[PDB]
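Engineer: Just so you know, the sequences run in chain order 2 and C. Each residue of the first sequence is one higher than the one before, starting from 1 at the first, in PDB author numbering. Each residue of the second sequence is one higher than the one before, starting from 1 at the first, in PDB author numbering. All residues carry an ideal CB built from backbone N, CA and C; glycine is no exception.
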Amino acid sequence: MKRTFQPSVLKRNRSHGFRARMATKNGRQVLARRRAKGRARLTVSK
Amino acid sequence: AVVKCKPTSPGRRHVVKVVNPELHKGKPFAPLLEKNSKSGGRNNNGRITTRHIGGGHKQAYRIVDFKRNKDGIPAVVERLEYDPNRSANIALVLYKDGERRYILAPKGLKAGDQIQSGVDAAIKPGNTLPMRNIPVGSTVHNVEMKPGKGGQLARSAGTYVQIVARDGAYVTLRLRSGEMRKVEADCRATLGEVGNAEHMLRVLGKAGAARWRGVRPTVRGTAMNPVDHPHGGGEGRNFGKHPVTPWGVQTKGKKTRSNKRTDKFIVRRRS
RNA sequence: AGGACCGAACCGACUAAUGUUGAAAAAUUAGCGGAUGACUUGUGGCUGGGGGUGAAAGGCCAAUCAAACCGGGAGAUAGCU
RNA sequence: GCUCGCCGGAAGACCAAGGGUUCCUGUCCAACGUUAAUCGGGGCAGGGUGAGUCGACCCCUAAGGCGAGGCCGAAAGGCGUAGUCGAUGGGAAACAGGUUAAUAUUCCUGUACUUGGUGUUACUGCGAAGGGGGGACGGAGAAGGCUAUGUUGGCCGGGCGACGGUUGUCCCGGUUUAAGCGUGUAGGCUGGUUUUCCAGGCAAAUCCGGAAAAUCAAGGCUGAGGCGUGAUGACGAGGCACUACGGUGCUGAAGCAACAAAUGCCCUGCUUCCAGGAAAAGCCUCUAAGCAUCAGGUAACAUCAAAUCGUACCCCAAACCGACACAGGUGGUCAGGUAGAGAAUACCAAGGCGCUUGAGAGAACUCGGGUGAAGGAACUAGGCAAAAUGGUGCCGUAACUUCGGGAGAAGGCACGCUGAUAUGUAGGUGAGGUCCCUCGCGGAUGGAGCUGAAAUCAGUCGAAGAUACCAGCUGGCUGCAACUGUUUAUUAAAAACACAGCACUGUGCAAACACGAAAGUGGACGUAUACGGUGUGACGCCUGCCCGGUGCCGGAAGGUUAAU
RNA sequence: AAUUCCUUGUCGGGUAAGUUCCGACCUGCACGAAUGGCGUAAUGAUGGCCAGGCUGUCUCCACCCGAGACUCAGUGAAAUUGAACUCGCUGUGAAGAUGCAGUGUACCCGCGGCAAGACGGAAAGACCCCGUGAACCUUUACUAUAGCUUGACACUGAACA
RNA sequence: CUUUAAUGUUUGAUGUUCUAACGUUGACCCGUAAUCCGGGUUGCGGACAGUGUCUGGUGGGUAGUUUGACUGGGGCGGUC
RNA sequence: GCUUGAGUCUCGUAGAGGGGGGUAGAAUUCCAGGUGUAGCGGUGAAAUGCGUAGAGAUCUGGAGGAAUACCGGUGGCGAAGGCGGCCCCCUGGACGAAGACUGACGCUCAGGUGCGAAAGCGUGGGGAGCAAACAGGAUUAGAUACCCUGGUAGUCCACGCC
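1) Measuring straight from C-alpha to C-alpha, what distance separates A197 (chain C) and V18 (chain C)?
2) If we count the other Cβ atoms within 10 Å of its Cβ and call it buried at 16 or more, is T49 (chain C) buried or exposed?
3) Would you tell me roughly how many angstroms separate the C-alpha atoms of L175 (chain C) and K264 (chain C), rounded to the nearest one?
4) Under 8 Å by Cβ, that's how I've got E193 (chain C) and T139 (chain C) pegged, so tell me the actual separation to the nearest angstrom.
5) Roughly how many angstroms separate the alpha carbons of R270 (chain C) and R181 (chain C), rounded to a whole number?
6) Starting from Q59 (chain C), trace the beta strand (DSSP E) in both directions and tell me its first and last residue.
7) Less than 7 Å between C-beta atoms, sequence neighbours within five positions excluded: which residues of the same chain meet that for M131 (chain C)?
8) Our contact map puts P243 (chain C) next to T251 (chain C) with C-beta atoms below 8 Å; I'd like the distance itself, whole angstroms only.
9) Measuring straight from C-alpha to C-alpha, what distance separates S9 (chain C) and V2 (chain C)?
10) Expressed to the nearest angstrom, what Euclidean distance is found between the alpha-carbon atoms of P217 (chain C) and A207 (chain C)?
11) Per DSSP, what kind of secondary structure is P130 (chain C) in: helix, strand or coil?
12) Answer yes or no: do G195 (chain C) and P74 (chain C) have a C-beta to C-beta separation smaller than 7 Å?
13) What residues in its chain sit with their C-beta under 8 Å from that of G11 (chain C), if we drop five residues either side in the sequence?
14) Comparing alpha-carbon positions, which option in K146 (chain C), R202 (chain C), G151 (chain C), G233 (chain C) lies nearest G221 (chain C)?
15) Please go through the segment 70-114 of chain C and give each complete beta strand (DSSP E) segment of 3 or more residues, from N-terminal end onward.
16) Leaving aside the five residues before and after residue 57 (chain 2) along the sequence, list all residues of the same chain whose C-beta is less than 8 Å from its C-beta, in chain order.
17) Put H141 (chain C) into one of helix, strand or coil per three-state DSSP.
18) Please confirm whether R86 (chain C) and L94 (chain C) have their CB atoms less than 7 Å apart.
This is the structure in structure tokens:
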């Protein structure tokens, strides 16, 4: 049985990483929401 | 010519090959090659915009002279080559100053023939001239729509254009569809018809041949569901409404031509 | 030569039995179909929700699909329990 | 420790991804291990990952991403030129031994190789987001030549066998050795040399391309493998001194030949086919702007530099994805012996395990199998399941057919061992010789050795010789779908979908159509033998009648008719 | 007939016996010519039927070999559950009783088994109905609307019949 | 006052010609050792095309919805 | 051996003999336009049909296909089927005066092979007239016909069949 999570740190960083968040204004809104919530890790991918 | 295959297997039962021993066996001319990547069913938005296009064989684009130039320089024709990007064959020609070019090969062209492109060029199959040095009634191919643009008409294999009349600044042409249209007389045209006229005689024999061409399977709207197509649904085979495109426009009849700046150029609509 | 034949790796999933608080939220065992091709597979990319993609079953889109998931309108509304 | 079993195209070895200390040592047994645990992938402490040559970084690009300006868009933003990123691909270079408890092409020893900087000497036209060459490319098939590797013989060392015989054609083990340098060969490709000219390469060019003369078929490029050197080195069966029995050190003999060999190499080759098979840089060459004992380019020598990051360990898994120490999933590489076509299968090598509850006993019943009297589908919805057949060679084989098929149709006969033909044959391989050549990786005759089927006669054993594993049930009549394929990944694999064919219809290119609020993009770097939509669905014979209704196409005379 | 209600139509073959099968008839409820008609070699994990071989499929089961089940030691769940001192029968009863009435039977408590009942467990029945409930789909329902299309005005001017 | 082959002087339908707005997904040059985009030269089309506002038609391609109740279950029938 | 059967050479003659290509002129049809009005067409009679959105008639320009009026003949050629405008290229056969040459090389020929009208079949084109099928209108007692109005395959070209 092939499960849904098949890890790859390159695709992880390209899809959910910090610079992928900072490229779009909506990912910068994601980062603003996570700084306002106070997360220890902004992008847990990174 | 045409070659009917022996039925040693289904898929070879019903295939006719057209084979030309005159075509070059080997690599094409590498200075006139470019990269051709598959992009059908892919917009710059990434959506499929033309359906039923997918993976076929990898192909390389050959830079073919359509706006033929080098007026007054004769060119000898080397071996004819195969072109995947079109139904016609092409010819590698060598000019007298040492320049090789790719030409849409006409019907009678052989290796060693002389071709020329100017206004002083003798009228002969393979030669191109503007249509005021070309007599009325001759069959031409690779004819421009604008003077200097390049050949846009009669580029497929076996196709030709008849020069029917002359206005004095315009030339009336009977096209392969039966349409009569007015084209400016300074537009150039190559004499004769395009070769590989046996291209329509091939039968592919099997679905794999269409897949090597690059044609993905076509699904019928009757086979689809009501959410997918305007046809679709039913507890049997019959839908039972007027046949349409997937986007609702009627597809049997229903002429869809909305151009109004070229109606002055189309003289008689095709039948 | 062949979308050729038999048959391993590989891909799949026709039958039966077991399992059904399973060894497993679809598998095991014994057979089974394809196995040079419309094949199969690694890596990366692209298509985003009345949207995509679909050899078309409303299939699939992260164990979720006749309209994904998350947050919000929101304490929707509920002559019903 | 000695036995026993299991895997052995893995249940062995090495990586990539992924994980992140699980690696090694000391100590502990609370919790975690489906049981105990002295053990552990557990707890707590230390230690452990050494690179110019491996990978990343780096130079270069594919799909694609971002994109100065730009075009477009209420805003956000969309597309996109120059450009700049982006491997899954293309460019410099290291091998063999030894070593640690744990590292290893990194440390040590031996032998190398590459790319730059600087300096000295000798000669000299050097110089580019520019031109050209090259990188640089498909599928299938068939050789030949090899090699990794294996077997046998020789050689060397040891043995002389718990029970009849045995070393005195016996038994066991070893018989290894690389990069680099030199030679440039089984092959493969290609005519070279010189001179003159130019409507071509975004300008120039001595470079590429093209044209015209003389000369001879002899020059060049590529290329496994072999041989020499590396290497009187290392390694090496064993033996010898100290044992806390982890082990340490010294010495270390033969180290050859023949045959069979790959799916690996020559080979990115050759042949053939259509479906016509990346890009750019590194590399070579040519000049443009510029400079002239200058700066540079070559060759030799010397010296310096090659940074930084990763490197432990798991990786058909108890370290990854599955909530688990989960019968599942997970890409690549290596590929021994005997039998065998085989990467099947069986038994074994090297190596790794016995799957983290055991002990009894021998009820029903369940699961997984073995065998069954007589009957042989009477069972059942249905031969479901089981049983059966199963290999090679030869004989033989029907209706029908699209002439290919059907067809392994069906149905039969022989298969073991021994001996002879033939103290090992047909065939394969090829040393000592002998003779030529510009006398070396050369050619010709052999025909010593080594290897070696298949067949025929004769004999012999058992119930049985494809004796195990492995390995097809066969025939007849019909429906449907031509077929191969695809499909509801998780109750439906079908007659459904698709399909090659066929037809209708749209489309004259700034095409139709599609995505898009628009730019733009696909269609397509295509051009009516093309592209889209629809329906039908190989093939054979065909496809009749109806335009009243609803669509569509054509026409505008009349009626009705909007904003104005 | 993947199509036929009557219907297992009728006739023939196959069988001792055949609602299925095969070949016909035509009385086509309600086939029919690219919604394709009829046929068709080969192909099919396709549907139906027949036969040979073969057999535990069966008459009708028997024995054996392993893993459980059983006993012992160690570890150690789950669904469920108002409380229980938790029998049978007949009747009654919100209409199928362990519990009510009458009556019969029954020392107390395990263990291995089987499932007839506890209208057993699981899942606020999916069938049916209801709600002035929802979603999606259809059309010739209503009202809009993207698109396509028609014209007027503007961008948009000058001459000549 | 209904009309005149030069004059005081309008409106509306096609038809022809021109260029000068507009289009150019024709060629060339420059920005620029850029398939974009501008600017320039020229060719072709040309007051057409196309766009904005208004407007008639078409429009399940989408979107919001409606589609009654009684009923010896509901539906059919019937009834209000 | 011979020429006398058969054949060959020299020089000519007539011919729609065959294959390929090009071109010309009447006419039919269609499209665009000018003039012009109420019928055209058809038949034994009509009617379907075309025309009041302008037909038919006349004229101009253009497009496309097929067959070649006269010559034309109780003519010609070819084995038969068959072949008709003109011109070119390639080519087959026949006949004649005269001369030369070879010297029976001849005739027929079952099987075999080739050619073979029209209709028909396959693929790809073309399609002006004509026209099976089909539709309408007549006729008739009926009319699936003869007649009229249309009209598809086909007739035309290339390559294969038959």
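Structural biologist: Working from what's here:
1) Each residue's alpha carbon lies about 10 Å from the other.
2) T49 (chain C) should be labelled exposed.
3) One Cα belongs to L175 (chain C), the other to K264 (chain C), and the distance between them is close to 16 Å.
4) Distance from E193 (chain C) to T139 (chain C) at the Cβ level is roughly 6 Å; contact confirmed, criterion being Cβ atoms closer than 8 Å.
5) Distance between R270 (chain C) and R181 (chain C), taken at the CA atoms: about 10 Å.
6) 59-62 is the extent of the beta strand (DSSP E) around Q59 (chain C).
7) A distance below 7 Å between beta-carbons, with the five flanking residues on each side excluded, links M131 (chain C) to the following residues of its chain, in chain order: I163, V171, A185, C187, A189.
8) Confirmed, about 5 Å.
9) Their backbone Cα atoms lie some 19 Å apart in a straight line.
10) Using only the alpha carbons, I get a separation of about 9 Å.
11) Annotated three-state conformation of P130 (chain C) is strand, per DSSP.
12) The criterion of a C-beta distance shorter than 7 Å is not satisfied by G195 (chain C) and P74 (chain C).
13) Listed in chain order, the non-local C-beta contacts of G11 (chain C) below 8 Å within the same chain comprise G205, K206, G208, local neighbours out to five positions each way being set aside.
14) Nearest option by C-alpha distance: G233 (chain C).
15) At a cut-off of 3 residues, the continuous stretches assigned as beta strand (DSSP E) that sit fully inside the segment 70-114 of chain C are 75-81, 90-95, 100-104.
16) With chain 2 covering only 1 through 46, there is no way to say anything about residue 57 (chain 2).
17) Reduced to three states, the DSSP call for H141 (chain C) is strand.
18) Taking 7 Å as the Cβ cut-off, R86 (chain C) and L94 (chain C) do not qualify as a contacting pair.
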